[PDB]
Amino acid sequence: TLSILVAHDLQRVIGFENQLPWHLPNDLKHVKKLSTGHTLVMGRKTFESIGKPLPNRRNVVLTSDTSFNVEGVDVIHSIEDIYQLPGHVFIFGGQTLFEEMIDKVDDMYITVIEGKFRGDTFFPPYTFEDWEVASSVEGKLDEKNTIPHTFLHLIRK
């Protein structure tokens, strides 16, 4: 299965200055739960943002840099290489990867951040005419998690 994994706000902002615009520990827990034991594919900027491969899953980085050879990371140089990756593969970002893959994936695990943030990078527009809501779950709010959010699983119709 090939899936998108993304958190975006009410206006589809995903990032600002190579970081996330929000602090939301529960979304990181969600990412951990979904992708542990599986594969993440990310663009080079997203990788450099996170700084190191995420533990307990396969980290694959897409880059044109033929000098990229980082410990604990697999490298690919073409979108086409993604389709040769075994198992459950999650497209992990960023904007460029999401733009290249939204028409290709089977489903999407979206955390809708129910706020309006300043962004410089966006998830591409999409319509519920194309996507079935397999599940929609409101995130619980507390002292550490203060922004309303909804976990959506969308499956291509």
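Note that residue numbering follows the sequence shown and begins at 1.
Chemist: Going by the mean C-alpha B-factor recorded in the entry, which is higher: 22 to 30 or 53 to 61?
Modeler: According to the entry, 53 to 61 carries the higher average C-alpha B-factor.
Chemist: Which has higher Cα B-factors on average according to the PDB entry: 139 to 147 or 5 to 13?
Modeler: Going by the record's values, the stretch with the higher mean is 139 to 147.
Chemist: Which is it among 96, 36, 67, 111: the one with the largest CA B-factor in the entry?
Modeler: Out of 96, 36, 67, 111, the record gives the largest C-alpha B-factor to 36.
Chemist: Have a look at 47, 92, 123, 128 and flag the one whose Cα has the highest B-factor in the entry.
Modeler: That would be 128, according to the entry.
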